[PDB]
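*Asks:* Below are the structure tokens for one structure; questions will follow.
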Amino acid sequence: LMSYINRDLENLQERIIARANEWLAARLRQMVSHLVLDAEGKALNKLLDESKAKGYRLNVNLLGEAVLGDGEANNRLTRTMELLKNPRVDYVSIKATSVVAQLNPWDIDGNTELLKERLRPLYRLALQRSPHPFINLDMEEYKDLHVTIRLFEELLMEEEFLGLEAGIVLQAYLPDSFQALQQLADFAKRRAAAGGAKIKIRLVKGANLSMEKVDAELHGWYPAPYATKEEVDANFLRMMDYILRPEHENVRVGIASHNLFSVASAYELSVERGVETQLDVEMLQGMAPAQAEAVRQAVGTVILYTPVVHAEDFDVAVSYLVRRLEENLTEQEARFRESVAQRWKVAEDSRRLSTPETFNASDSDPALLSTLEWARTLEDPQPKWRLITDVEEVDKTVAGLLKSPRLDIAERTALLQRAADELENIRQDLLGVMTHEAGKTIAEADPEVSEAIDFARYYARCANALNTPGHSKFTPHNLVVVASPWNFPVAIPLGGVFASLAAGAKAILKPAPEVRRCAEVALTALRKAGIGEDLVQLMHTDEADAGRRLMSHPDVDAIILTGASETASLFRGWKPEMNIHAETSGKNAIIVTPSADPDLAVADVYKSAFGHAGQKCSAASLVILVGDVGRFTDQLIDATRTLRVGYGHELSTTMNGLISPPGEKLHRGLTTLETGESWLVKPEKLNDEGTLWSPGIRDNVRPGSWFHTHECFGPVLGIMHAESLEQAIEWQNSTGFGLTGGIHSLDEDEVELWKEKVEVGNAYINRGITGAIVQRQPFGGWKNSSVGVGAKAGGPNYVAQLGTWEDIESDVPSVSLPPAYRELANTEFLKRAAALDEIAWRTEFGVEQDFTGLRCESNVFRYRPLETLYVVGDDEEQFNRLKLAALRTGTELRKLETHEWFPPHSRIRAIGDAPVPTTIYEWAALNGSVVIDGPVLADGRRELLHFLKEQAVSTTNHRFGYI
Ligand SMILES: Cc1cc2nc3c(=O)[nH]c(=O)nc-3n(C[C@H](O)[C@H](O)[C@H](O)COP(=O)(O)OP(=O)(O)OC[C@H]3O[C@@H](n4cnc5c(N)ncnc54)[C@H](O)[C@@H]3O)c2cc1C
């Protein structure tokens with residue numbers, strides 16, 4: 001039972017509506033352009049004099065270049081400090097994210113200390129004048145909420161500042177801002193009791209709804225603001241109601257609204273309750289002058305928002321302002337009546353306290369304080385593990401796994417779903433081991449735990465899709481070996497294990513030696529889930545006889561490998577006929593054309609280059625700029641110098657250390673330049689061991705130079721300067737790799753050309769090229785980035801590789817065929833393959849498929865034609881079956897003999913009854929090609945995969961939220 005509830009608003013309702021009607025009684029870029037003023041020009045001082053004379057005070061707010069680095073952050077602060085030295089200026093307002101760039105959401109304690117350390121000179125400037133001018137802390141995003149309130153309350157209780165009247169914004173569209181108001185109102189009572197001065201809250205409804213909904217939909221969270229504007233109008237009245245009392249004399253209030261009903265309410269409440277000296281009204285300078293003057297005569301104090309800017313930042317600042325001003329009379333009086341009634345009934349908990357039902361597992365939310373609380377208490381688990389060195393133990397363990405009988409699809413599905421539940425329960429144990437043993441930050445390790453959970457649920461669904469009624473039958477492998485790397489030490493090992501189980505096989509997990517405790521901690525979830533030693537076996541083999549015995553073992557049906565392409569050739573050399581599916585790094589670029597948003601491009605380039613210190617198969621190693629990209633390079637430099645280098649287990653780290661000191665390749669990338677190149681930012685070695693390296697940026701990296709064609713797997717980004725988009729696309733395509741790639745451009749024709757011409761498995765448009773989410777962006781590369789037939793992990797065809805398919809007897813439905821195909825189909829078998837190709841093409845291969853259907857991001861799964869297929873053997877009928885497939889995809893068939901050469905990463909189809917000659921297998925193992933040696937299937941749903949390259953195209957759909 002809450003003593004703040006009352007009926008004053010109900011009683012004043014009609015004098016309020018009369019008041020609003022009374023005040024209302026007495027293209028766009030042109031307007032905002034004439035309202036932004038030079039922070040140093042005379043125009044501003046004239047407007048301060050003229051408005052002071054008319055009885056107004058001005059809220060001076062400094063706009064400018066996006067605050068991506070400490071350089072520009074110092075600019076906003078020092079330049080705001082200069083305005084507070086101007087005696088005509090009464091009121092400045094600034095945001096935490098303008099004072100600290102790249103505000104790390106996981107380090108609230110450190111962010112607070114940094115903000116206080118940086119803002120004290122500014123508040124001192126307000127103490128050196130009497131009367132003291134006013135500093136307001138603005139709020140835009142939900143992540144600003146607790147750090148800013150904490151900044152406000154700690155700073156204003158320091159002895160130095162105890163008597164300074166200062167202010168802070170609450171956004172009423174956040175339900176939990178009602179709780180923030182109550183805590184701030186108590187804080188003001190605690191402060192007054194200590195002899196301190198009042199605080200002031202500026203009440204706003206909220207200007208960031210668009211990006212707040214995007215932030216939610218991307219992560220699988222509820223939006224932080226209310227779902228409807230009625231709730232916002234209601235909470236605006238509730239917060240006003242609560243705070244405009246004599247009980248809270250120490251909290252002055254700025255009502256910031258052009259809604260005359262909202263303002264008339266605060267006016268009438270202040271008069272009825274005798275708290276007129278706590279009510280200022282804050283409005284937009286120049287927007288509604290006739291209204292604001294009516295308001296002034298009633299309320300007294302009216303404070304006009306006045307945007308100012310540094311000269312160069314003018315056109316930049318006008319665009320920021322255009323979005324804010326765009327996105328934000330009897331049916332007006334009725335919507336107000338309703339908000340008066342809902343005032344006390346609207347929610348007050350934070351929408352982020354729980355999560356909507358989504359398919360993808362949702363990440364940890366550092367906007368919740370309960371999240372930041374367990375992030376402080378993470379542990380350093382040290383599970384025991386054993387090294388396998390005896391080949392006879394590999395043999396004993398392998399045969400023991402084969403003896404367990406196959407589980408049926410229901411049992412596998414139940415185990416996988418349980419495995420995903422249990423992984424979630426140890427998310428914090430996984431974070432503990434990943435941030436110590438693997439050296440990852442929380443921001444990098446936490447989505448990886450989500451990926452590991454998603455693999456279990458996704459591949460569970462896929463396993464059911466194997467028995468879908470159709471024209472072929474799947475038979476799983478008995479045993480798959482998963483050889484995993486260290487950079488993603490939970491999701492990649494588990495993803496291969498889950499895929500094997502879903503297919504019907506037993507799995508051996510052999511984890512990379514740097515991250516053996518990661519595998520052990522993850523294994524405890526599988527065990528809790530019911531996945532015992534008869535199903536999955538963890539084998540820490542060496543890389544000598546026992547490891548080789550495991551990878552070459554006659555009873556291992558496939559290896560899933562993530563690592564160096566030299567490792568894939570090594571393994572296959574030991575058994576060239578082996579099934580191997582390998583993801584093997586990439587040399588990935590982001591193209592930035594003059595039509596790009598330079599700031600969004602910089603944020604995506606630097607985050608893609610430097611997450612996990614660049615230790616990603618998908619990392620952005622190259623940025624290729626077309627022509628002149630303006631502020632891009634300066635901002636990229638500022639953002640890169642601002643990354644905090646340190647160990648992953650330190651909350652303040654925003655770029656972690658390396659897994660071990662650089663090898664030859666990476667040390668070269670860090671220390672030495674090639675001809676004509678220069679360091680825009682030169683990497684520095686920051687500790688004796690050589691694991692902590694600051695990031696670097698090479699300029700003038702030329703096509704075919706060493707850094708263009710060698711993945712260093714470290715914190716090094718190279719800039720190439722291209723004369724045209726067409727040339728930049730040539731350069732992006734000639735790295736030897738084809739894993740990830742992105743373009744930044746707001747020009748639709750450039751994007752369409754890029755979507756068609758770029759040769760990468762994972763394409764991204766106007767966003768980062770890392771962070772692939774299961775089913776949203778199925779992950780896998782072309783060219784040297786992949787070994788095998790190559791279905792994408794986290795895509796619908798991956799499980800189906802872990803076995804073999806055969807044609808079955810079935811009745812084909814009636815579907816029409818174009819006559820060119822029927823000319824080729826001169827057999828029972830060939831007619832059956834012609835028809836099934838048509839159906840598969842209609843069902844799957846000819847469709848661009850967005851499985852997740854997000855509003856803010858288009859995520860497309862499509863098939864691209866394989867250009868050339870090599871054919872080994874002689875069999876006219878089967879060769880005609882391949883001509884049918886090639887006529888439909890456009891692929892070129894090339895007949896291939898023994899000892900005839902073929903390029904690296906080729907696909908070679910085996911036809912006929914003869915074995916494939918061994919030399920072809922041996923050569924394929926050296927240059928990473930794949931000999932497809934199963935029977936030729938009539939069912940194109942299976943056979944056509946040999947003629948297609950899977951591809952994910954992910955495109956941002958919104959322009960700062962608008963879609
Ligand atoms: C002087 C001044 C200072 C300001 N300072 C800030 C600041 O520091 N931080 C900040 O975030 N904004 C700030 N604002 C903007 C404020 O938050 C509003 O966006 C704006 O003033 C318009 O709202 P309203 O009360 O005029 O009119 P209205 O038409 O009454 O209110 C519009 C508001 O309703 C809300 N809304 C509309 N549709 C929906 C929906 N479908 N679901 C949920 N909510 C919805 C939005 O918050 C929207 O802004 C400031 C505004 C002024 C005038």
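Residues in the structure tokens are named by chain (A, B, ... in the order shown) and by number from 1 within that chain; ligands are numbered from 1 in the order shown.
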For ligand 1, collect every residue having any atom at a distance of at most 9 Å from a ligand atom (counting only C-alpha atoms and all ligand atoms); output as a PDB file with C-alpha atoms, in the first residue's frame.

*Replies:*
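Output contents, as saved in pocket.pdb:
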ATOM      1  CA  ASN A  59      20.390  24.412 -22.231  1.00  0.00           C
ATOM      2  CA  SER A  93      24.233  19.115 -20.519  1.00  0.00           C
ATOM      3  CA  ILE A  94      26.465  16.200 -21.537  1.00  0.00           C
ATOM      4  CA  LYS A  95      26.331  12.364 -21.712  1.00  0.00           C
ATOM      5  CA  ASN A 136      22.956  18.023 -16.541  1.00  0.00           C
ATOM      6  CA  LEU A 137      23.841  14.404 -17.237  1.00  0.00           C
ATOM      7  CA  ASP A 138      21.863  13.236 -20.264  1.00  0.00           C
ATOM      8  CA  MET A 139      20.748   9.660 -20.954  1.00  0.00           C
ATOM      9  CA  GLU A 140      20.128   8.039 -24.319  1.00  0.00           C
ATOM     10  CA  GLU A 141      20.487   4.225 -24.072  1.00  0.00           C
ATOM     11  CA  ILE A 168      20.120  14.134 -14.323  1.00  0.00           C
ATOM     12  CA  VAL A 169      17.579  12.857 -16.890  1.00  0.00           C
ATOM     13  CA  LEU A 170      15.060  10.069 -16.406  1.00  0.00           C
ATOM     14  CA  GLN A 171      13.296   8.624 -19.454  1.00  0.00           C
ATOM     15  CA  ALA A 172       9.673   7.887 -18.525  1.00  0.00           C
ATOM     16  CA  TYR A 173       9.315   5.248 -21.246  1.00  0.00           C
ATOM     17  CA  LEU A 174      11.466   3.002 -19.064  1.00  0.00           C
ATOM     18  CA  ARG A 202      14.720  16.349 -16.083  1.00  0.00           C
ATOM     19  CA  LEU A 203      11.706  14.210 -16.975  1.00  0.00           C
ATOM     20  CA  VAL A 204      11.675  13.161 -20.648  1.00  0.00           C
ATOM     21  CA  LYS A 205       9.585  10.528 -22.358  1.00  0.00           C
ATOM     22  CA  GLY A 206      12.555   9.028 -24.259  1.00  0.00           C
ATOM     23  CA  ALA A 207      14.183   9.531 -27.676  1.00  0.00           C
ATOM     24  CA  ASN A 208      15.817   6.157 -28.404  1.00  0.00           C
ATOM     25  CA  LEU A 209      12.857   3.788 -28.975  1.00  0.00           C
ATOM     26  CA  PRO A 225      10.805   0.818 -23.018  1.00  0.00           C
ATOM     27  CA  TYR A 226       7.108   0.199 -22.666  1.00  0.00           C
ATOM     28  CA  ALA A 227       5.304  -1.577 -25.500  1.00  0.00           C
ATOM     29  CA  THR A 228       2.774   1.252 -26.096  1.00  0.00           C
ATOM     30  CA  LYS A 229       2.904   5.065 -26.007  1.00  0.00           C
ATOM     31  CA  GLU A 230      -0.126   5.026 -23.681  1.00  0.00           C
ATOM     32  CA  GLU A 231       2.070   3.430 -21.019  1.00  0.00           C
ATOM     33  CA  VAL A 232       4.658   6.152 -21.576  1.00  0.00           C
ATOM     34  CA  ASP A 233       2.153   8.961 -21.208  1.00  0.00           C
ATOM     35  CA  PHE A 236       5.168  10.379 -17.305  1.00  0.00           C
ATOM     36  CA  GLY A 254      12.314  19.847 -15.300  1.00  0.00           C
ATOM     37  CA  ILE A 255       9.310  18.641 -17.314  1.00  0.00           C
ATOM     38  CA  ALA A 256      10.713  18.213 -20.834  1.00  0.00           C
ATOM     39  CA  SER A 257       7.728  17.881 -23.156  1.00  0.00           C
ATOM     40  CA  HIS A 258       5.988  19.741 -25.977  1.00  0.00           C
ATOM     41  CA  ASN A 259       2.801  17.862 -25.082  1.00  0.00           C
ATOM     42  CA  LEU A 260       0.682  20.676 -23.648  1.00  0.00           C
ATOM     43  CA  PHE A 261      -1.418  18.257 -21.602  1.00  0.00           C
ATOM     44  CA  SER A 262       1.667  16.789 -19.907  1.00  0.00           C
ATOM     45  CA  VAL A 263       2.923  20.290 -19.177  1.00  0.00           C
ATOM     46  CA  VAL A 281       9.630  23.433 -18.006  1.00  0.00           C
ATOM     47  CA  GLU A 282      12.220  22.442 -20.605  1.00  0.00           C
ATOM     48  CA  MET A 283      11.422  22.785 -24.341  1.00  0.00           C
ATOM     49  CA  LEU A 284      13.057  22.880 -27.795  1.00  0.00           C
ATOM     50  CA  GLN A 285      14.562  26.248 -28.648  1.00  0.00           C
ATOM     51  CA  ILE A 303      14.780  26.275 -20.354  1.00  0.00           C
ATOM     52  CA  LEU A 304      15.308  25.988 -24.094  1.00  0.00           C
ATOM     53  CA  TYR A 305      17.367  23.154 -25.563  1.00  0.00           C
ATOM     54  CA  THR A 306      20.134  24.861 -27.538  1.00  0.00           C
ATOM     55  CA  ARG A 324      15.817  12.747 -33.116  1.00  0.00           C
ATOM     56  CA  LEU A 325      13.325  15.393 -34.266  1.00  0.00           C
ATOM     57  CA  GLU A 327      11.107   9.798 -34.770  1.00  0.00           C
ATOM     58  CA  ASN A 328       9.713  11.793 -31.795  1.00  0.00           C
TER      59      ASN A 328
END

*Asks:* At a cut-off of 9 Å, using only C-alpha atoms, what residues contact residue 682 (chain A)? Leave out same-chain residues fewer than 5 positions from it and give the result as a list in words.

*Replies:*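 Once the nearby chain positions are removed, what remains is residues 670, 671, 694, 695, 696, 697 and 698 of chain A.
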
*Asks:* Can you pull out every residue from region 292-503 of chain A that DSSP, working from the backbone, puts in strand (DSSP E or B), and format the result as a ChimeraX atom specification?

*Replies:* /A:302-309,388,472-476,479-483

*Asks:* Can you list, as a tab-separated table (two decimals) with N, CA, C and O atoms, in the first residue's frame, every residue of region 162-281 of chain A that DSSP puts in helix (DSSP H, G or I)?

*Replies:*
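Output saved as part.tsv:
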chain	number	residue	atom	x	y	z
A	177	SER	N	12.35	3.34	-14.57
A	177	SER	CA	12.75	4.68	-14.17
A	177	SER	C	11.87	5.22	-13.05
A	177	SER	O	12.26	6.16	-12.37
A	178	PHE	N	10.69	4.63	-12.83
A	178	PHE	CA	9.95	4.98	-11.64
A	178	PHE	C	10.70	4.52	-10.39
A	178	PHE	O	10.70	5.21	-9.37
A	179	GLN	N	11.33	3.35	-10.45
A	179	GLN	CA	12.16	2.94	-9.32
A	179	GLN	C	13.39	3.83	-9.19
A	179	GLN	O	13.79	4.18	-8.08
A	180	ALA	N	13.99	4.21	-10.32
A	180	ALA	CA	15.12	5.13	-10.28
A	180	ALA	C	14.73	6.45	-9.62
A	180	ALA	O	15.51	7.03	-8.86
A	181	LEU	N	13.53	6.95	-9.91
A	181	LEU	CA	13.08	8.20	-9.32
A	181	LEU	C	12.95	8.08	-7.81
A	181	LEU	O	13.41	8.95	-7.08
A	182	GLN	N	12.37	6.98	-7.33
A	182	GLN	CA	12.24	6.81	-5.89
A	182	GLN	C	13.60	6.76	-5.22
A	182	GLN	O	13.81	7.36	-4.15
A	183	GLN	N	14.55	6.07	-5.83
A	183	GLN	CA	15.86	6.00	-5.21
A	183	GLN	C	16.54	7.36	-5.23
A	183	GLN	O	17.18	7.75	-4.24
A	184	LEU	N	16.40	8.10	-6.33
A	184	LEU	CA	16.97	9.44	-6.38
A	184	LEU	C	16.28	10.39	-5.41
A	184	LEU	O	16.95	11.24	-4.80
A	185	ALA	N	14.98	10.22	-5.17
A	185	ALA	CA	14.29	11.08	-4.22
A	185	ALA	C	14.78	10.81	-2.81
A	185	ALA	O	14.97	11.75	-2.03
A	186	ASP	N	15.02	9.54	-2.48
A	186	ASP	CA	15.60	9.25	-1.17
A	186	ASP	C	17.01	9.81	-1.10
A	186	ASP	O	17.37	10.45	-0.10
A	187	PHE	N	17.79	9.65	-2.18
A	187	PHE	CA	19.16	10.17	-2.23
A	187	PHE	C	19.18	11.67	-1.92
A	187	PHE	O	20.04	12.15	-1.18
A	188	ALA	N	18.25	12.41	-2.50
A	188	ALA	CA	18.17	13.84	-2.23
A	188	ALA	C	17.87	14.13	-0.76
A	188	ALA	O	18.29	15.16	-0.24
A	189	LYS	N	17.12	13.25	-0.09
A	189	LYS	CA	16.88	13.45	1.34
A	189	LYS	C	18.14	13.17	2.14
A	189	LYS	O	18.47	13.90	3.09
A	190	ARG	N	18.86	12.11	1.77
A	190	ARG	CA	20.13	11.80	2.40
A	190	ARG	C	21.13	12.94	2.19
A	190	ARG	O	21.86	13.31	3.12
A	191	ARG	N	21.13	13.54	1.00
A	191	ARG	CA	22.08	14.62	0.71
A	191	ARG	C	21.76	15.86	1.52
A	191	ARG	O	22.65	16.42	2.17
A	192	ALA	N	20.51	16.30	1.48
A	192	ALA	CA	20.10	17.47	2.26
A	192	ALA	C	20.47	17.29	3.71
A	192	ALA	O	21.00	18.21	4.34
A	193	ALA	N	20.20	16.11	4.26
A	193	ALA	CA	20.58	15.85	5.64
A	193	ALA	C	22.08	16.05	5.86
A	193	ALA	O	22.49	16.48	6.95
A	209	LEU	N	13.70	4.98	-28.87
A	209	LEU	CA	12.86	3.79	-28.98
A	209	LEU	C	13.27	2.88	-30.14
A	209	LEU	O	13.35	1.65	-29.99
A	210	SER	N	13.56	3.47	-31.31
A	210	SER	CA	13.98	2.69	-32.48
A	210	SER	C	15.17	1.80	-32.16
A	210	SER	O	15.08	0.58	-32.25
A	211	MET	N	16.30	2.41	-31.77
A	211	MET	CA	17.46	1.57	-31.49
A	211	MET	C	17.26	0.69	-30.26
A	211	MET	O	17.92	-0.34	-30.14
A	212	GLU	N	16.35	1.06	-29.36
A	212	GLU	CA	16.07	0.19	-28.22
A	212	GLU	C	15.37	-1.09	-28.65
A	212	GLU	O	15.62	-2.15	-28.08
A	213	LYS	N	14.51	-1.01	-29.67
A	213	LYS	CA	13.82	-2.20	-30.14
A	213	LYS	C	14.76	-3.07	-30.99
A	213	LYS	O	14.75	-4.30	-30.87
A	214	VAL	N	15.62	-2.44	-31.80
A	214	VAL	CA	16.64	-3.19	-32.54
A	214	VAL	C	17.55	-3.95	-31.58
A	214	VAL	O	17.83	-5.13	-31.78
A	215	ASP	N	18.07	-3.26	-30.56
A	215	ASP	CA	18.95	-3.90	-29.58
A	215	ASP	C	18.30	-5.15	-28.98
A	215	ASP	O	18.96	-6.17	-28.76
A	216	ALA	N	17.00	-5.06	-28.68
A	216	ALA	CA	16.25	-6.19	-28.14
A	216	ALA	C	16.10	-7.31	-29.17
A	216	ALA	O	16.42	-8.47	-28.88
A	217	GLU	N	15.59	-6.99	-30.36
A	217	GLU	CA	15.31	-8.06	-31.32
A	217	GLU	C	16.59	-8.82	-31.69
A	217	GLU	O	16.57	-10.05	-31.83
A	218	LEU	N	17.73	-8.13	-31.79
A	218	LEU	CA	18.99	-8.79	-32.11
A	218	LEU	C	19.39	-9.81	-31.05
A	218	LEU	O	19.94	-10.86	-31.37
A	219	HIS	N	19.19	-9.48	-29.77
A	219	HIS	CA	19.66	-10.31	-28.66
A	219	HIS	C	18.63	-11.27	-28.12
A	219	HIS	O	18.96	-12.04	-27.22
A	229	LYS	N	2.77	3.67	-26.43
A	229	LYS	CA	2.90	5.06	-26.01
A	229	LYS	C	1.92	5.44	-24.89
A	229	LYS	O	2.18	6.36	-24.11
A	230	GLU	N	0.78	4.76	-24.80
A	230	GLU	CA	-0.13	5.03	-23.68
A	230	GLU	C	0.56	4.76	-22.34
A	230	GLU	O	0.35	5.49	-21.36
A	231	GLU	N	1.38	3.70	-22.27
A	231	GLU	CA	2.07	3.43	-21.02
A	231	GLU	C	3.07	4.54	-20.71
A	231	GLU	O	3.27	4.92	-19.55
A	232	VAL	N	3.68	5.09	-21.74
A	232	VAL	CA	4.66	6.15	-21.58
A	232	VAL	C	3.98	7.40	-21.04
A	232	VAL	O	4.46	8.03	-20.09
A	233	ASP	N	2.89	7.81	-21.69
A	233	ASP	CA	2.15	8.96	-21.21
A	233	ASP	C	1.71	8.76	-19.76
A	233	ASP	O	1.75	9.70	-18.96
A	234	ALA	N	1.34	7.53	-19.41
A	234	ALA	CA	0.88	7.22	-18.06
A	234	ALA	C	2.02	7.35	-17.05
A	234	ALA	O	1.85	7.95	-15.99
A	235	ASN	N	3.16	6.73	-17.35
A	235	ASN	CA	4.29	6.78	-16.43
A	235	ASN	C	4.84	8.20	-16.31
A	235	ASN	O	5.35	8.58	-15.25
A	236	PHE	N	4.78	8.98	-17.39
A	236	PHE	CA	5.17	10.38	-17.31
A	236	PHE	C	4.32	11.09	-16.26
A	236	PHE	O	4.83	11.86	-15.44
A	237	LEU	N	3.01	10.81	-16.24
A	237	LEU	CA	2.16	11.40	-15.22
A	237	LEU	C	2.43	10.81	-13.84
A	237	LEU	O	2.34	11.52	-12.84
A	238	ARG	N	2.74	9.51	-13.76
A	238	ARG	CA	3.03	8.92	-12.45
A	238	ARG	C	4.29	9.53	-11.84
A	238	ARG	O	4.32	9.85	-10.65
A	239	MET	N	5.34	9.69	-12.64
A	239	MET	CA	6.58	10.22	-12.07
A	239	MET	C	6.42	11.68	-11.66
A	239	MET	O	6.92	12.09	-10.61
A	240	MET	N	5.71	12.46	-12.47
A	240	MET	CA	5.38	13.83	-12.11
A	240	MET	C	4.61	13.88	-10.79
A	240	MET	O	4.98	14.60	-9.86
A	241	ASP	N	3.56	13.07	-10.71
A	241	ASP	CA	2.71	12.98	-9.53
A	241	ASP	C	3.53	12.73	-8.26
A	241	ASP	O	3.28	13.35	-7.22
A	242	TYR	N	4.48	11.81	-8.34
A	242	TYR	CA	5.21	11.38	-7.15
A	242	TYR	C	6.14	12.47	-6.64
A	242	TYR	O	6.29	12.67	-5.43
A	243	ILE	N	6.77	13.20	-7.56
A	243	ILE	CA	7.95	13.98	-7.22
A	243	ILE	C	7.56	15.42	-6.88
A	243	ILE	O	8.25	16.09	-6.10
A	246	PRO	N	5.63	18.43	-1.41
A	246	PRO	CA	6.54	19.01	-0.41
A	246	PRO	C	7.47	17.98	0.20
A	246	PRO	O	8.61	18.31	0.54
A	247	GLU	N	7.04	16.72	0.28
A	247	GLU	CA	7.91	15.66	0.78
A	247	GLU	C	9.25	15.65	0.04
A	247	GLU	O	10.29	15.32	0.63
A	248	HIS	N	9.25	15.99	-1.25
A	248	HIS	CA	10.46	15.95	-2.07
A	248	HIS	C	10.92	17.35	-2.48
A	248	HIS	O	11.30	17.57	-3.63
A	260	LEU	N	1.24	19.64	-24.52
A	260	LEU	CA	0.68	20.68	-23.65
A	260	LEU	C	-0.11	20.08	-22.49
A	260	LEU	O	-0.16	20.67	-21.40
A	261	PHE	N	-0.69	18.90	-22.69
A	261	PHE	CA	-1.42	18.26	-21.60
A	261	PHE	C	-0.47	17.81	-20.50
A	261	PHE	O	-0.71	18.08	-19.31
A	262	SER	N	0.65	17.17	-20.88
A	262	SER	CA	1.67	16.79	-19.91
A	262	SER	C	2.18	18.00	-19.15
A	262	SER	O	2.41	17.93	-17.94
A	263	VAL	N	2.39	19.11	-19.85
A	263	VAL	CA	2.92	20.29	-19.18
A	263	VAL	C	1.86	20.92	-18.30
A	263	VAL	O	2.13	21.28	-17.15
A	264	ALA	N	0.63	21.04	-18.80
A	264	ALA	CA	-0.45	21.61	-17.99
A	264	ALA	C	-0.67	20.81	-16.71
A	264	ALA	O	-1.05	21.39	-15.68
A	265	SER	N	-0.43	19.50	-16.74
A	265	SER	CA	-0.56	18.68	-15.54
A	265	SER	C	0.46	19.10	-14.50
A	265	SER	O	0.13	19.34	-13.33
A	266	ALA	N	1.73	19.15	-14.89
A	266	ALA	CA	2.76	19.57	-13.95
A	266	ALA	C	2.47	20.97	-13.43
A	266	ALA	O	2.63	21.24	-12.23
A	267	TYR	N	2.02	21.87	-14.30
A	267	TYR	CA	1.71	23.22	-13.87
A	267	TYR	C	0.67	23.20	-12.77
A	267	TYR	O	0.89	23.72	-11.67
A	268	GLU	N	-0.47	22.57	-13.06
A	268	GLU	CA	-1.60	22.54	-12.14
A	268	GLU	C	-1.30	21.75	-10.87
A	268	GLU	O	-1.77	22.11	-9.78
A	269	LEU	N	-0.53	20.67	-10.98
A	269	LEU	CA	-0.10	19.99	-9.76
A	269	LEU	C	0.74	20.92	-8.89
A	269	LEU	O	0.53	20.97	-7.67
A	270	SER	N	1.67	21.67	-9.49
A	270	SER	CA	2.55	22.54	-8.71
A	270	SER	C	1.75	23.61	-7.99
A	270	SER	O	2.05	23.94	-6.83
A	271	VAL	N	0.75	24.17	-8.65
A	271	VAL	CA	-0.07	25.20	-8.04
A	271	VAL	C	-0.94	24.62	-6.92
A	271	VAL	O	-0.98	25.17	-5.82
A	272	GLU	N	-1.59	23.47	-7.16
A	272	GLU	CA	-2.47	22.89	-6.14
A	272	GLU	C	-1.71	22.51	-4.88
A	272	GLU	O	-2.25	22.59	-3.78
A	273	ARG	N	-0.45	22.14	-5.03
A	273	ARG	CA	0.33	21.60	-3.93
A	273	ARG	C	1.32	22.59	-3.37
A	273	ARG	O	2.02	22.26	-2.41
A	276	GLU	N	5.51	25.30	-6.67
A	276	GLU	CA	5.87	26.02	-7.90
A	276	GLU	C	7.37	26.26	-8.04
A	276	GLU	O	7.88	26.37	-9.16
A	277	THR	N	8.09	26.38	-6.93
A	277	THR	CA	9.52	26.60	-6.99
A	277	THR	C	10.33	25.33	-7.23
A	277	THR	O	11.56	25.35	-7.17
A	278	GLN	N	9.67	24.21	-7.50
A	278	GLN	CA	10.37	23.03	-7.95
A	278	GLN	C	10.11	22.71	-9.41
A	278	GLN	O	10.61	21.71	-9.91

*Asks:* In terms of the shortest atom-to-atom distance over only C-alpha atoms, which of A:82, A:897, A:65, A:545 is closest to residue 598 (chain A)?

*Replies:*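 The answer is A:65, which sits nearest to residue 598 (chain A).
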
*Asks:* Skipping near chain neighbours, those fewer than 3 positions away, what residues fall within 12 Å of residue 66 (chain A) using only C-alpha atoms, listed as a VMD selection string?

*Replies:* chain A and resid 62 to 63 69 to 73 75 to 76 97 to 102 313 316 to 317 319 to 320 597 to 603 631 to 632 634 to 636 638 to 639

*Asks:* Would you mind listing what lies within 12 Å of residue 2 (chain A) as a PyMOL selection string, with only C-alpha atoms counted and same-chain residues fewer than 2 positions away left out?

*Replies:* chain A and resi 4-6+242+344

*Asks:* For residue 675 (chain A), please output as an MDAnalysis selection string all residues within 12 Å (counting only C-alpha atoms; exclusion window: fewer than 3 positions along the same chain).

*Replies:* chainID A and resid 672 678:679 698:702 705:707

*Asks:* Please identify all polymer residues within 7 Å of residue 852 (chain A), counting only C-alpha atoms, omitting same-chain residues fewer than 2 positions from it, and present them as number ranges by chain.

*Replies:* A: 776, 850, 854

*Asks:* Go ahead and write the residues just picked, N, CA and C atoms, as a compact mmCIF listing (two decimals), in the first residue's frame.

*Replies:*
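So the final result, stored in again28.txt, reads:
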# COMPACT_ATOMS: atom_id res chain seq x y z
N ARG A 776 20.69 -18.08 -38.07
CA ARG A 776 20.64 -16.74 -38.64
C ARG A 776 21.69 -16.59 -39.73
N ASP A 850 15.00 -16.85 -45.60
CA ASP A 850 15.27 -16.18 -44.33
C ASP A 850 14.53 -16.95 -43.25
N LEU A 854 13.74 -11.73 -38.61
CA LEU A 854 13.87 -10.51 -37.81
C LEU A 854 13.43 -9.29 -38.59
